[PDB]
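Undergrad: so I pulled this structure from the PDB, and the sequence comes with it:
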Amino acid sequence: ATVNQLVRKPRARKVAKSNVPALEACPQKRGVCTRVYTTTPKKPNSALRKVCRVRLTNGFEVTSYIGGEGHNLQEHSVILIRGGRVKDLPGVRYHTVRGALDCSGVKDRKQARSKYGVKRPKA
Amino acid sequence: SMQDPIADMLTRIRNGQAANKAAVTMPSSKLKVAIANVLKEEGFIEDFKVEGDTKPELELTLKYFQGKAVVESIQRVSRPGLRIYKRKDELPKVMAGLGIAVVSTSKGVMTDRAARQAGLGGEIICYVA
Amino acid sequence: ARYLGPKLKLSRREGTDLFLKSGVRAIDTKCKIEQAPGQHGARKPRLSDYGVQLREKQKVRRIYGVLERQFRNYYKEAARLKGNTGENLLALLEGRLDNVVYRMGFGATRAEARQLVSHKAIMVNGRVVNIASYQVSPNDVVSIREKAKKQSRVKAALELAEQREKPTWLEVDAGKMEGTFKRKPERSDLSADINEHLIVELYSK
Amino acid sequence: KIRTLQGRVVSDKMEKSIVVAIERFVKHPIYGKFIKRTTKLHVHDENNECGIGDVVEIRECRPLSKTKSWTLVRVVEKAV
Amino acid sequence: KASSXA
Amino acid sequence: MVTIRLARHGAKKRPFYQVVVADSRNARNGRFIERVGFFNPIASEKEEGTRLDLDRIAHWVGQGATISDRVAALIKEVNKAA
Amino acid sequence: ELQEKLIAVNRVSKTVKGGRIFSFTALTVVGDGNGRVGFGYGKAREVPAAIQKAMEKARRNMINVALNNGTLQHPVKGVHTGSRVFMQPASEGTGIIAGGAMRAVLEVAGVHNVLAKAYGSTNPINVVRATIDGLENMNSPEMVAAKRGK
RNA sequence: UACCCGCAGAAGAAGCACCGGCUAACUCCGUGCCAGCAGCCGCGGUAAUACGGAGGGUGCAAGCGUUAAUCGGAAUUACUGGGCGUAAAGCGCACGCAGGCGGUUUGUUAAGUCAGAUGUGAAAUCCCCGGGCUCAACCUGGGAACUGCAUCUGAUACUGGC
RNA sequence: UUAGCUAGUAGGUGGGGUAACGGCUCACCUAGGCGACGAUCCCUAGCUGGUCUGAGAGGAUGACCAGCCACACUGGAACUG
């Protein structure tokens, strides 16, 4: 409102909160992967979404989504998580990178293989 | 409260021409006249009048044209709550120029367009459109 | 870093002739031009304010063989440049040596006008210019490489060349093969289905 | 002169330890309003002259005690 | 119109 | 020892020194007092190749100041008054 | 010099007994390219019928705006309901730089420049309104003589 | 080495994301609320341009995508530039210290304020006009700028003090 | 959701000291000194030129390059010059 007021208690910015805080605010992280489960999403949709509870490197343990039809993951493994949430499964704020570390890319995927990690099959 | 007599002029005037009247009066103040003069000279009001002796009274003859009045708008810039002063080049120009902006200088009041060429500068009383 | 593919497929999307398959019989046609830029060309593309705005430049690029990563900078350039940035971008787009080549008929297409400027077969006030991007100032005179002069190709080009609209800011020759940059192209002596602002905007958002 | 300065006391009690204050209109760097910003300078007082409240002239000079680098020059007015 | 909570 | 020398402000292979009055001790491109000309070891037979405020260099030498030996090769390879 | 194009087209409702009835509303603007601009709303149970009806009011009601070489003079700012809007002139810095919906009413009216920005609501219907009434009040420059010269 | 001249021959060199909307860009098949997509809305329960594949198309190119981070858009802390009857928002009300602000006229002060000048504000960077590497990046000449501070000589309407 | 902080502490005088002024040190003496324009206390952090973003005012940042500073196993000390 008033200048005098702004002069006194000055206007204060409101910091932002990284939707993904699996620390360092850094590209991706390595994690041991505690369990490999499958769950059900919100009311509108109904699948058997695949997920894994991963013990990151920085100590935070967190649940991550496994994108693509099928995966090699299980018990131990060592995926590397990324970012981007999964608006359908709450709590799932991270996606494990496919075809990274102990994670196998989606078998046979031919479209947009950059994700789901796969290599050009016989050009 | 009484704190500001200047924004009382601009307001009474902006309000007077609002209620399409021809004359508006208010107690007289030296600076007020200085401004009055400005508006006259610049053709924003037909003219002033000051028939005040013991209790100085000031009247302003309002102008008009077609389906509107002369002053499309008039705002107070520097106020007692936040004074504003400007250099020679920092002097503000109203409506790409089509409109004065009363600036008081150490050598008597003026108009933005005036003071500019004048070479000096000072506090800017208000904005008249 | 060049197109290298169905070039008509392009001019069919722009619905105009981009001076691509110039060569012998100028004035295109013969390929289905219009009614099928793809597998649904038949359709009526009722495009958005965006479409009739991206397609504008998506054209300008092609009507010269220039790319994005680089086109931008041209715009950024023109921007700093005083005056209608629209005509300016054009002024710089035309000012391209790969263009002054073709434009001076020293080569069929603006595509065939590269394979050489690239394969050192041209030059300026001396020094052979290897980069098909050189920016030709005023007076700057080119000259097909005194070396592989008039060959089993470039000759057949000048033919249709001088029988084309013909520029106005260059004083080409014919056997002496060596035009000049008389002056920078004004706005009045160049245009057609090309809008400035319509593109100067796309880069304002 | 070699840079003169006006200022008002702060205390009479101090024995050769006379401190002062300096007002200065200053335009806040963002909101533009004009703020009063003070500066307190400890000053040298030989034979402890000029009492409290008084207004005085000061000069920047050589150190004389842990943080005390100014000496009076002239006293102006004595009732405030 | 509205999902996951509304 | 305020020695007038050159700093390598060129670019891979294409240097470009710069005569400058500076406290002998500092780094090459380290703190200095005032550029006082330059030196272009390229240029190619055209217009320029070197510049020096000769009537300034003297002002320094005047307050005692040793000159580089590669800086001296410039103070004269370009004459003095002819 | 027709010069006419639509801005937006929304589908509304009228919830009755056996369900709801959807109508359609189109907002369109027209002008020439030298002052004079106008807009018209209009709705009809049919898509075209609406837009067709849109040009009708569009034709009628066309205020005369006082440009300058293809731009504006004193920079201006107009308001209507929830949208506050402002506009700066200058020699075609690029060519009509303003927001969608608020743009057309700038093209058709004939101003290949202006740097604009829409604040407040960005609902087409009220910004086109704000803008028009923004160009409107824009007083006479080369005819300042009104209150000017005197 | 940079560079210059031949030798040979298209030989030796293209990928990635995307196509329901925002957002440029379509279909078939499979599939069946399964499998899976998703940045937001939102797609899938038999004929789905939103899933996977194929065809096709679109946009970028030695890259393309994703994740991460900052500013922008966000007039979404609003000084420029926002608000509070019901949308989030006027202290339950009142007195009042500090502070903020203050009617009117003259004289004076000249601090604020203002104009000219002089120091200074490294260089580099950004910017303006040129130069040089084939161009450009890069390199470089000169200039403007560094919106600031201090000192002094003026100004006096307005503001402050007397 | 830190409001009070300080005895060499604040000043004086007087010896000693330093390259030099100086509480630097000591002795004596007045009793002060700083603080809500935010001291003190916590948490964080190398500072500037600039860098990124922005129409701008600003927001963010200070790797590479240059100026200033600081440290060089941790803590402490002097010596040489």
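TA: Perfect, I can see it now. Residues are numbered from 1 along each chain as shown, chains lettered A, B, ... in the order given.
Undergrad: what separates the most centrally placed residue in chain D from residue D:71, distance-wise?
TA: The centroid of chain D falls nearest to residue D:20 when counting by Cα atoms, centre = their mean (3.4 Å). Distance of residue D:20 to residue D:71, computed by Cβ to Cβ, to the nearest Å: 11 Å. Bear in mind the C-beta positions are built from the backbone N, C-alpha and C, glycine included.
Undergrad: where does the residue nearest to the centre of chain D sit: helix, strand or coil?
TA: strand (DSSP: H, G, I helix; E, B strand; the rest coil).
Undergrad: ok, residue C:55 next?
TA: Quick answer, by three-state DSSP: residue C:55 is helix.
Undergrad: residues near it, how many?
TA: Neighbour count of residue C:55, defined by other Cβ atoms under 10 Å in any protein chain shown: 18.
Undergrad: cool, and residue D:28?
TA: 15.
Undergrad: ok, now residue F:22?
TA: 20.
Undergrad: now do residue D:67
TA: By other Cβ under 10 Å, 8 other residues sit near residue D:67.
Undergrad: now residue B:8
TA: Residue B:8, neighbours per other Cβ under 10 Å, totals 16.
Undergrad: who touches it in this structure?
TA: Residues near residue B:8 by Cβ atoms under 8 Å, 6 or more residues apart in numbering or on different chains: residue B:26.
Undergrad: assign it to helix, strand or coil.
TA: With three-state DSSP as the basis, the three-state label of residue B:8 is helix.
Undergrad: ok, now how distant is the residue in chain D that chain E sits nearest to from chain B?
TA: Residue nearest to chain E within chain D: residue D:30 (40.5 Å; Cβ to the nearest Cβ). Counting by Cβ to the nearest Cβ, to the nearest Å, the separation of residue D:30 from chain B is 12 Å.
Undergrad: my read is that the residue nearest to the centre of chain D contacts residue D:58, right?
TA: Yes: between residue D:20 and residue D:58 there is a contact under Cβ atoms under 8 Å: 6.7 Å.
Undergrad: bridging residues for the residue positioned nearest the centre of chain A?
TA: Relative to the mean C-alpha position of chain A, the nearest C-alpha, by Cα atoms, centre = their mean, is the one of residue A:94, at 1.6 Å. With DSSP bridges as the criterion, residue A:94 is bridged to residue A:64.
Undergrad: and it, how close does it get to residue A:20?
TA: Using Cβ to Cβ, residue A:94 is found at 6 Å from residue A:20.
Undergrad: joint contacts of the two?
TA: A:83, A:85.
Undergrad: which one is residue C:32 nearest to, not counting chain neighbours?
TA: Spatial nearest neighbour of residue C:32, excluding adjacent residues (Cβ to Cβ, 6 or more residues apart in numbering or on different chains): residue C:12 at 7.0 Å.
Undergrad: quick check, the one you found in a helix?
TA: Yes: assessed by three-state DSSP, residue C:12 belongs to a helix.
Undergrad: wait, it touches residue C:36, no?
TA: Yes: Residue C:12 lies in contact with residue C:36 (Cβ under 8 Å); the separation is 7.0 Å.
Undergrad: who's more crowded, these two?
TA: The neighbour comparison of residue C:12 against residue C:36 (other Cβ under 10 Å) goes to residue C:12, with 21 against 14.
Undergrad: which ones are touching the more buried one?
TA: Contacts of residue C:12 (Cβ under 8 Å, 6+ apart): C:31-34, C:36-37, C:41.
Undergrad: now residue G:38: phi and psi?
TA: Note on residue G:38: its backbone torsions stand at phi -170, psi 160 [degrees, to the nearest 10].
Undergrad: repeat that for the one 5 residues further on.
TA: Here the main-chain torsion angles of residue G:43 (degrees, to the nearest 10) amount to phi -140, psi 150.
Undergrad: and residue F:77, by the same measure?
TA: Dihedral angles of residue F:77 (phi, psi; degrees, to the nearest 10) stand at phi -60, psi -10.
Undergrad: rewinding a little: contacting residues for the residue nearest to the centre of chain D?
TA: D:7-10, D:40-43, D:56, D:58, D:70.
Undergrad: quick one: the residue of chain D closest to chain E and residue B:84, what's the gap?
TA: To residue B:84, residue D:30 is 14 Å away according to Cβ to Cβ.
Undergrad: what's the answer for residue F:2, then?
TA: Look at residue F:2 and residue B:84: by Cβ to Cβ, they are 50 Å apart.
Undergrad: and if you look at residue C:105?
TA: Computed as Cβ to Cβ, the residue C:105 to residue B:84 distance reads 65 Å.
Undergrad: okay, these two: which has more neighbours?
TA: Legend: neighbour count by other Cβ under 10 Å for residue C:105 and residue B:84, higher for residue C:105 (24 against 14).
Undergrad: which residue sits closest to that one in space, ignoring its chain neighbours?
TA: Among residues not flanking residue C:105 along the chain, residue C:161 sits closest, at 2.4 Å (Cβ to Cβ, 6+ apart).
Undergrad: can you pull out the strands in the chain?
TA: Assuming you mean chain A. With strands called from DSSP state E, chain A shows them at A:29-30, A:35-38, A:50-55, A:61-65, A:80-81, A:94-95.
Undergrad: sorry, I should have been clearer: chain F.
TA: Secondary structure of chain F by DSSP E: the strands cover F:2-5, F:20-23, F:34-35, F:37-39, F:50-52.
Undergrad: dump these to TSV, plus distance to residue B:108.
TA: Listed next are the strands of chain F as TSV, based on distance: least, Cβ to Cβ, whole Å:
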stretch	distance to residue B:108
strand F:2-5	56
strand F:20-23	53
strand F:34-35	48
strand F:37-39	53
strand F:50-52	53
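Undergrad: looking at those strands, which is nearest to chain E?
TA: That would be strand F:34-35 among the strands of chain F, by Cβ to the nearest Cβ, at 65.9 Å.
Undergrad: wait, is residue C:195 part of a helix?
TA: No: applying three-state DSSP, one finds residue C:195 to be coil, outside a helix.
Undergrad: ok, it - contacts?
TA: C:56, C:86.
Undergrad: any idea how far it is from residue C:34?
TA: Going from residue C:195 to residue C:34 by Cβ to Cβ gives 21 Å.
Undergrad: what's the burial count for residue G:131?
TA: Other residues within reach of residue G:131, judged by other Cβ under 10 Å, total 33.
Undergrad: put the alpha carbons of the helix or strand hosting it into CSV.
TA: Using DSSP states H and E, residue G:131 sits within helix G:124-136. Output in CSV follows, covering the C-alpha atoms of helix G:124-136 (Å, rounded to 0.1, in the frame of the first residue of the first chain):
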residue,chain,number,x,y,z
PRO,G,124,-11.5,-11.6,-25.9
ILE,G,125,-15.0,-10.0,-25.7
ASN,G,126,-13.9,-7.5,-23.1
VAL,G,127,-10.4,-6.6,-24.4
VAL,G,128,-11.6,-5.9,-27.9
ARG,G,129,-14.1,-3.7,-26.1
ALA,G,130,-11.4,-2.2,-23.9
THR,G,131,-9.2,-1.6,-26.9
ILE,G,132,-11.8,0.0,-29.1
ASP,G,133,-12.8,2.3,-26.3
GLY,G,134,-9.0,2.7,-25.9
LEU,G,135,-8.4,3.9,-29.5
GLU,G,136,-11.6,5.8,-29.2
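Undergrad: which non-adjacent residue is nearest residue 20?
TA: Reading this off chain A. If the residues on either side of it in the chain are set aside, residue A:20 comes closest to residue A:83, at 4.9 Å by Cβ to Cβ, 6+ apart.
Undergrad: could you do chain C instead?
TA: Closest to residue C:20 by Cβ to Cβ, 6+ apart is residue C:7, at 4.4 Å.
Undergrad: check residue D:63 too.
TA: Per Cβ to Cβ, 6+ apart, closest to residue D:63 is residue D:69, 5.1 Å.
Undergrad: that neighbour and residue D:41, how far apart?
TA: Distance from residue D:69 to residue D:41, by Cβ to Cβ: 8 Å.
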